[PDB]
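S.K.: Sending over a structure as structure tokens; questions will come in a sec.
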RNA sequence: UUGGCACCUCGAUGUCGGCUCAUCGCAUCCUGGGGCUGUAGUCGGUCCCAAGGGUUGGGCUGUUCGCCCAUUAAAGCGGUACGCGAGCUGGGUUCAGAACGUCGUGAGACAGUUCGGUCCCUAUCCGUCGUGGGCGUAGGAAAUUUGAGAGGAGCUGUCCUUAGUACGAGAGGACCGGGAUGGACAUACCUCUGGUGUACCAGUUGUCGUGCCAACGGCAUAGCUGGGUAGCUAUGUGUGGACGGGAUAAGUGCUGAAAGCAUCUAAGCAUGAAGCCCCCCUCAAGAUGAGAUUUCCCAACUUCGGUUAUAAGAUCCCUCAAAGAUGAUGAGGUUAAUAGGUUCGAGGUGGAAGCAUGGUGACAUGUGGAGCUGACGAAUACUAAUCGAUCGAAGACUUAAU
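Chains as they are written, first to last, in the authors' numbering: chain Z, 2 to 122; chain W, 1 to 121; chain L, 2 to 216; chain A, 3 to 115; chain N, 2 to 51.
Written out as structure tokens, the structure is:
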């Protein structure tokens, strides 16, 4: 691996799946410096599967994404697998990498760690 | 064969069937022997009817090892068994027959009678 | 008598005259230029300064070592050349056979020369006494509470101190080591690569000095 | 895949041997200089593994001589193999057939394709 | 291993020579007008320009 | 060593053997050099100089000690709280239980024996091993270096030739020379042989879930099993203790007198050891005695008899690993390949999903060496190293020469 983030092997990969899913549902989250440095690889590799749009690519993405429901506006409820292959994948058909960005904020109270903003470009 | 307690079986025509290594010759502090090295051993198992009897201390030479040896061409040869031949004072077999394959590295040494009787060298 | 500077690429193997296997390492020595000459009258000893890898030009907004600075440009302009990032002196060579600004080709050596190689070993960090000094462990069972610690460090109130040179945990690696009596297997032209029989200290992309054996 | 390494080890590569996979019967013709006369010795068996590489790629062949297992390993491009035959091609489910070291008799046979 | 002797206040002040903190390393933000951390956003308006 | 005395310690200096780590002496076990011999040769005995290096694994016994087995060039003797328990153990001895022999009227004791029986401590100072800041080195910086000193290494066997020669009735059998190859030890490295490889590939068991069939996901040591990239490794792969100078020790001499002879010595000149100093490897100018070489920058305001910032150069901050506890070191910061992403490869695994075909069925075949792939090699500014800030010199006095 790259870095362990003070977690066991089984529970580290479960946290990365939750972080990747949340960055698709809301497209903008705030978290720790170290965690966001490695969510880039997970999220950006997942959009690559979405652009291909194959059945083998869709089943290879269903083993990383969680099961949630999208409901923000008045339209029909949608999943997270459907959103990635239907909305995100159509905004990067002409882009080669660099689907995410990181912006630093500063140290937070009570912990001393710095928070950052990661979002889809 | 390697250590001071390894159990070696024999492939010659003598009363001995299994021997236990006692000393590796060829220097002070030497703790490992290979194919073509003389050792001091004792006869732990013997067959009814033969020249060598149980409990006798005899000399022997190593003809097969599981670890194997490396040649100058970069090739290796390994065996599935560890074997030895009881020799006489003038580097000659005490028995009259040799069983199984024998390593080719005895040919370059002075053990020529062992190679001659060996079914395959 | 003769020597060059180069980088370490990696290890490989080639077959010999009678089919034997020879493990060799690949060393790339290119862009070597004589930069200065030292004499007894001026300095007190005879040697030559040799640069290995050239840098870029001077920059007003430079912030890293990729671009040579102002004092490093004037040293490489005394003789027509480019500013280099490695400079070493060779003291075993003859001054009368070299000129200032002269190229040092890879063809100085031939297949069959006996050479020695010096470099900086790989660093291992802060290590214990077992790895750093090759000491023996204590029992791992039988009620033992002594596995990897160092043993006694002194004797008693007679000598109420520790002698200098005691083996203690510390940082290991990163030392300058010379390997003597190595064999040149093949010198390759149009690619500037020397094949050295054996191995050299240091990791990949390191700097190695090659010289003729003094013994 | 360093370009400098791939160049100095280009003339050492030889293209005369056929393609084979572990599990097939193979014949090796090895020259030996024992004594004073050079002759050819033939080695049969089954290719138990093929560890990959470039100039440093090797393969291992195992055979039973007189009830004792013997394994020989050679470099693929060594200048001591005159030619290589392939008698039959077997059907295996993996690459390293290390399980055959402990199986003897009818349990150590590989079905022909 | 208890201390053998009482530590004087001369040794204590010498030991704390390097026990200190420094300024964060702030720079002026040419949108807000007040200082901000380098490579970070302006807390008053959230402008990480450039 | 066993003793004699009772000078320090009873408001505490903790024993015997074993493990780990050593260090010192020479009254020398091996190796190097000599004299004598009742030294023919290969072997021996005794004495002299010499401390550089080396000096084994097991069986019995808590044992030191001793005997025995198998090797080796050799299996040396002593000091250091009979070295070392704030470095380890606790087999014996000095606790509380129980038994035997023996003594005692008895409670109980050994000139003895047997079974079992809590080993605490977060390092303040000196010492030792690594690694950073401040100041000095008469202007401020970047590289390359000399070596006053210090540390490291120092061992040795067996075969071939000389030569079956010298010697010897025969048995037997060489000095002085020339080669090959090992044992132990030290160092470097991962091409080969293996080990590990918890974000790689594959198979399989029970149970819950994605509504269901297929395809998958969580849990059960990483559920278990078979392989395995990079890094880190030995048992793996290379190298080393070489050839030589100067002065010596015990010895051996030349010439020569005191003493008309003889005599190595009083003057003079030689030769002579693994031992001393060089030679080989590493650190080293805080070496305050602070060294040398090659480049880089040189003014406005003053009368201040001095400041001032700026230049050369180095940092704050950010992207990293060949480096690393931190720090430091090294690769970069848009005029940019430093890291991530993307597209190609190396290596690893072993034939993906879907569909068609054969079979009632579990399953087998092609499409196709397919699909997937962490650390390894290239190309590519799509993302993030934005914008700025801080430190940083104008060269003191005396004498001599041009």
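For each residue, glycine too, the CB sits at the ideal point set by N, CA and C.
1. Shortest alpha-carbon distance to residue 96/A belongs to which of 84/A, 52/A, 73/A, 29/A?
2. Pick helix, strand or coil for residue 77/A, following the three-state DSSP scheme.
3. Name, please, each residue of chain A whose Cβ falls closer than 8 Å to the Cβ of residue 101/W.
4. Quick one: is the Cβ of residue 114/L within less than 7 Å of any heavy atom of the ligand SAM?
5. Would you say residue 76/A faces chain W, with C-beta separation under 8 Å as the test?
6. Using a C-beta to C-beta distance shorter than 7 Å, which residues of chain N count as neighbours of residue 104/Z?
7. Chain N beta carbons: is any one of them nearer than 8 Å to that of residue 107/Z?
8. Under 6 Å Cβ to Cβ from residue 136/L, same chain only, skipping five residues before and after it: list those, please.
9. Should the region 48 to 61 of chain L be called in touch with the region 106 to 121 of chain W, which here means at least 3 C-beta pairs below 8 Å?
10. Who are the neighbours of residue 21/L on chain W, taking C-beta pairs under 7 Å?
11. Just the Cα atoms here: how many angstroms apart are residue 59/Z and residue 47/Z?
12. Short of 7 Å in beta carbon distance, which residues of its chain neighbour residue 91/W, apart from the five on each side in sequence? Order them along the chain.
13. Can you tell me where the beta strand (DSSP E) holding residue 89/L begins and where it ends?
14. Checking contacts by CB at 8 Å: is residue 11/A closer than that to chain L?
15. Can you name, in chain order, every residue of its own chain whose Cβ lies under 6 Å from the Cβ of residue 92/L, other than the five neighbours on each side?
16. Round the Cβ separation of residue 107/Z and residue 86/Z to the nearest angstrom and send it over; I've been treating them as touching at under 8 Å.
17. Please confirm whether residue 207/L and residue 8/L have their CB atoms less than 8 Å apart.
18. Beta-carbon within less than 8 Å of residue 98/A's beta-carbon, same chain only, minus the 5 sequence neighbours each way: which residues are those?
19. How many Å lie between residue 49/W and residue 60/W at the Cα?
20. If you draw a straight line from the C-alpha of residue 33/N to the C-alpha of residue 35/L, how long is it?
21. Which chain W residues are close to residue 27/A, counting only those with a beta carbon under 9 Å from its beta carbon?
22. Tell me whether residue 115/A sits in a helix, a strand or coil according to DSSP, three-state version.
23. Comparing C-alpha positions only, which one of 31/Z, 25/Z, 21/Z, 49/Z sits nearest to residue 96/Z?
24. Quick check: the Cα distance between residue 120/W and residue 101/W, rounded to an integer number of angstroms?
25. Within 10 angstroms of its Cβ, does residue 46/N collect 16 or more other Cβ (buried), or is it exposed?
26. Could you tell me if residue 103/Z is buried or exposed, where buried requires 16 or more neighbouring beta carbons within 10 angstroms of its beta carbon?
27. Measuring only between beta-carbons, confirm whether residue 26/L sits less than 8 Å from chain A.
28. Less than 8 Å between CB atoms is the rule here; does residue 38/A satisfy it with respect to chain L?
29. Would you mind listing the beta strand (DSSP E) stretches within the region 5 to 46 of chain W that are 3+ residues and don't spill past its ends, in chain order?
30. Taking only three categories from DSSP, how would you classify residue 95/L?
31. With 8 Å as the limit, tell me which residues of the region 179 to 194 of chain L have their beta carbon closer than that to any beta carbon of chain A; keep them in chain order.
32. Just reading off the alpha helix (DSSP H) that residue 134/L is part of, what are its end residues?
33. May I ask you to report which of helix, strand or coil DSSP gives residue 12/L?
34. Do you know whose CA, among 195/L, 21/L, 45/L, 157/L, lies nearest residue 83/A's CA?
35. Give a yes or no on whether the minimum CB-CB distance between residue 57/A and chain L is below 8 Å.
36. At a Cβ cut of 9 Å, what residues of the region 83 to 107 of chain A count as close to chain W, listed as they run along the chain?
M.R.: For this structure:
1. 52/A
2. strand
3. 67, 68, 70, 72
4. For the structure depicted, the ligand SAM is absent and the ligand set is empty, with no information on it obtainable.
5. yes
6. 42, 49
7. yes
8. These residues qualify, in order along the chain: 130.
9. Verdict: no, contact absent.
10. 72, 73
11. Each residue's alpha carbon lies about 10 Å from the other.
12. 110, 111
13. It spans 88 to 91 - the beta strand (DSSP E) in which residue 89/L sits, taken as one unbroken run.
14. yes
15. 48
16. That pair is no contact at about 36 Å.
17. A contact, by the Cβ cut-off of 8 Å.
18. 24, 50, 51
19. Between the alpha carbons of residue 49/W and residue 60/W lies a gap of roughly 20 Å.
20. 56 Å
21. Under a criterion of Cβ atoms nearer than 9 Å, no residue of chain W is adjacent to residue 27/A; the nearest Cβ is some 19 Å distant.
22. coil
23. 49/Z
24. 5 Å
25. So residue 46/N ends up on the exposed side.
26. exposed
27. no
28. It does not; no Cβ of chain L falls within 8 Å.
29. 7 to 10, 16 to 24, 38 to 46
30. Residue 95/L: coil per DSSP, three-state reduction.
31. Across the region 179 to 194 of chain L, CB contacts with chain A closer than 8 Å involve 187, 189, 192, 194, in sequence order along the chain.
32. In this chain, the alpha helix (DSSP H) harbouring residue 134/L covers 130 to 134.
33. DSSP, reduced to helix, strand and coil, places residue 12/L within a strand of the structure shown.
34. 21/L
35. Using a CB distance cut-off of 8 Å, residue 57/A counts as an interface residue toward chain L.
36. Taking 9 Å as the upper bound on Cβ-Cβ separation, chain W lies near residues 103 of the region 83 to 107 of chain A.
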